[PDB]
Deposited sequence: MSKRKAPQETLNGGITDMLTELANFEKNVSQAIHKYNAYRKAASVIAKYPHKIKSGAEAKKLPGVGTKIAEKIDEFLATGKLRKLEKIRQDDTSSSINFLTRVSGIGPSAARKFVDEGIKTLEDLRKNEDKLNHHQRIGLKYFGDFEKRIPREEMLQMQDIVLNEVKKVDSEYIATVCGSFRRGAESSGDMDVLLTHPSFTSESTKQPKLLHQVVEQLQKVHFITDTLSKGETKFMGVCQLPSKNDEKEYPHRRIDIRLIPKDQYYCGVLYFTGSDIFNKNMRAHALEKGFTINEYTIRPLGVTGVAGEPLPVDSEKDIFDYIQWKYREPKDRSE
């Protein structure tokens, strides 16, 4: 029920997960999600599939499943997937970070189906999957904004202790003011790092955060992207905080604010802004805004030294992150 249509939204999200994890049909997965997002925003209790079909992203098949769900309170197809041992095991194992549909299938094919089975077969797991297994429960917890604020202060301070010239921004829905987050997404830059130009810039920051024991584990790390695990320090007497997922991305200074814009979102806000930028003769991606010639040929990137600059180019009043829900 939720905000009028949670049963339908829950059903669509479950169908999405089966498409992604078991059938390996990622476009169907995203079709079901989009339909769930549209419906979640529809401010009426839907009464028929035909009503739902009017909404963009709902077609004949989702309408039919909505009719069945309304008439009966259930979907047959979803009921049989639920009791299928292979589908439910594949679905479950993909909850481990680093285990996607392919690894989940091979594990289930070899009788590895549960966390206990994984705990028993560690040598069959790569490094990422072992870390995802170790923190299985913590990684499914949301992060309250209160903790994200603290996490933000540590990153910004540690970054400044390495080099005062680093610029670091915590983006994601947290930057839009969200009351919880699923992970922490940090965008980093330094004036010595441009698209046309000093080494170890990402490494130095990751190392600092490891030294003070904020970053506890590494999932992947190269010269421009780090994915890992972090944890707030304990009060010495209170319960330990859960381990959290954190990504850090090093971006060229001249592309920084286009990245900050992109990764702050929302996704709906980004599609809308790109769509408006096109109808003004501009193309914006996660790195640049460039003017379009009369035949549609993208010209050279325009200078960008703030988020505002981007809004100025396309004749749009600046909108605070708080106001970028769409």
property	result
Sequence ranges absent from the coordinates, based on the deposited chain and numbered from 1	1-7, 205-206
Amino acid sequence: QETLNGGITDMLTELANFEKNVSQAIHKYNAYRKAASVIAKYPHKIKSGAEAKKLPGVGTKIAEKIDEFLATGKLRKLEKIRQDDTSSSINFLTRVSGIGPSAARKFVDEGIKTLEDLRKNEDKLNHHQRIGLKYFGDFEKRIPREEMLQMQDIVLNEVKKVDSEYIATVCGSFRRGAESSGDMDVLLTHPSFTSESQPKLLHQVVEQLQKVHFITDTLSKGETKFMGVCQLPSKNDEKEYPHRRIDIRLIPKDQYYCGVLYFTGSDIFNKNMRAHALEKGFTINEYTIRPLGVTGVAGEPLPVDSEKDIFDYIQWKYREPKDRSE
From here on, numbers count along this sequence of modelled residues.
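Rigid core (definition): largest C-alpha set, two forms, superposition within 1.5 Å.
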| property | result |
| --- | --- |
| Greater root mean square CA deviation, 188-196 compared with 215-223 in 7 other deposited structures of this protein, core aligned | 188-196 |
| Higher-deviation stretch (C-alpha RMS, rigid core fit) in 7 other deposited structures of this protein, choosing from 308-316 and 10-18 | 308-316 |
| Mean C-alpha B-factor comparison - 11-19 and 314-322, higher one | 314-322 |
| Of 115-123 and 217-225, the stretch whose C-alpha atoms average the higher B-factor in the entry | 115-123 |
| Maximum C-alpha temperature factor, selected from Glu279, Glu68, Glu51, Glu286 | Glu279 |
| Candidate residues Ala103, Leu188, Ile81, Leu209, the one whose C-alpha B factor the record puts highest | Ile81 |
| Relative C-alpha B-factor of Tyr262, binned into the chain's lowest, middle or highest third | middle |
| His44 by Cα B-factor - lowest, middle or highest third of the modelled chain | highest |
| CA B-factor ranking of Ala31, expressed as a third of its chain | lowest |
| Ranked C-alpha temperature factor of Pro291 among modelled chain residues, by third | highest |
| Ranked C-alpha temperature factor of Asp254 among modelled chain residues, by third | middle |
